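Here's the letter readout for the chains.
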Amino acid sequence: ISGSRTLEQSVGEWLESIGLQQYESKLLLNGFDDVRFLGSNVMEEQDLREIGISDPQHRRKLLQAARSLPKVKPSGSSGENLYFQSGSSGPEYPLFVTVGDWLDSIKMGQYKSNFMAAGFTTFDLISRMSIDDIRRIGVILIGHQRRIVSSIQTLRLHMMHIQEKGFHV
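Residues numbered from 1 in each chain as written, not as in the entry; some residues may be left out. Heavy atoms only, no water. Residues with missing side-chain atoms left out of burial classes, pairs and counts.

1. A short note on helix α9 (residues 142-165)
With 24 residues, α9 extends 35 Å between its outermost C-alpha atoms, agreeing within 8% with the 34 Å of an ideal straight helix rising 1.5 Å per residue. Once α9 finishes, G166 follows within two positions and takes phi at roughly 100°, a positive value. (Helix = DSSP H or I, 4+ residues; strand = E, 2+ residues; numbered from the N terminus. Expected span 1.5 Å × (residues − 1).)

2. Let's talk about the domain arrangement of the protein chain
Domain parsing of the protein chain yields domain 1 (11-67) and domain 2 (83-165). Look at where the C-alpha atoms of domain 1 and domain 2 centre, and you get two points 23 Å apart. With 13 residues of domain 1 at the interface, the matching set in domain 2 holds eleven residues. Of the roughly 990 Å² buried at the junction of domain 1 and domain 2 (both faces included), carbon and sulfur atoms supply 52%. (Domains from an automatic or database assignment. Contact = heavy atoms within 4.5 Å. Buried area = accessible area lost by both parts, 1.4 Å probe.)

3. Considering the nonpolar core
Of all hydrophobic cores here, the largest spans 21 residues; its most connected members are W14, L15, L27, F32, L38, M43 and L62. Every element with two or more residues in this core is listed here: α1 (11-17) and α4 (56-67). Sequence-distant contacts of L38, defined by excluding residues within four places in its chain, comprise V11, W14, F32, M43, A66 and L69. Within the second largest apolar cluster, 20 residues are counted, among which are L103, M108, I152 and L155. (Core = buried A, V, L, I, M, F, W, Y, C linked by side-chain atoms within 4.5 Å. Buried < 20%, exposed > 50% of the residue type's maximum accessible area, 1.4 Å probe, protein only.)

4. Thoughts on the pattern of salt bridges
Overall, the coordinates contain eight salt bridges when judged by the stated rule. In this structure, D34 and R36 form a salt bridge, with 2.8 Å as the shortest nitrogen-oxygen distance. Looking at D34, the relative accessible area reads 14%, which means it is buried. Residue classification places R36 among the partly exposed positions, given a relative accessible area of 41%. Taking the shortest distance from any N to any O, the salt bridge between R135 and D132 comes out at 3.4 Å. In this pair, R135 and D132 are both assigned in helix α8 (residues 131-136), three residues apart and thus about one turn of the helix distant. Here the residues in one salt-bridge network are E44, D47 and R146, joined through shared partners. (Salt bridge = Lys/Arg side-chain N within 4 Å of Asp/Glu carboxyl O.)

5. Thoughts on unusual backbone geometry
In the Ramachandran plot, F96 falls in the positive-phi region, its phi being about 70° despite a non-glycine side chain. Relative to the elements of secondary structure, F96 occurs in the loop between β2 (92-94) and α5 (99-105). Relative accessible area serves as the criterion here: at 9%, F96 is assigned to the buried category. Within the chain, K107 stands out as a residue other than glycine whose phi angle is a positive 60°.

6. Brief notes about the packing of aromatic side chains
Pairs of aromatic rings are described using the distance from one ring centre to the other and the angle between the two planes. Applying the stated criterion across every chain yields a total of one aromatic pair. Between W102 and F115, the ring centres sit 5.7 Å apart and the planes meet at 90°, which makes this aromatic pair edge-to-face. With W102 in helix α5 and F115 in helix α6 (residues 112-117), the pair connects residues that are 13 residues apart, well separated along the chain. Relative accessible area serves as the criterion here: at 0%, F115 is assigned to the buried category. (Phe/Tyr/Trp six-rings, centres within 6.5 Å; stacked < 30°, edge-to-face > 60°.)

Shown next as structure tokens:
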């Protein structure tokens, strides 16, 4: 586009908007560090307890607020992209052509070497990974683990759908 793009808030600015900024360091230090990757499949009550949000009313408030954030479709890569789209004008869902490009789409590129060192370089390998499997290759921060597993789930849904349609199996 020729015109400007509006930028997303920081986690701190978002928390201030909902009266919960005292939890900023706990979120950031545990990988809840980008407002594009917070909310229902990603942020869970038990995780909030574990990182030290002991106040149950604040946990409920935070979880509801995270659910109110827009779901931002992942950006394609600057190199090659593979997209699924429903309808002539529907949203493009990227499927990626490399593990690195997939990780970059969720700002998790720092973990490419972790996946490579484990030999987890194909979709088929990665698609069945649990949170525990992800932690075990060295993704320690809970907010990053949750982000990755949520992304895997949505990518797997799209890939299964395509397979079920019966042409690219």
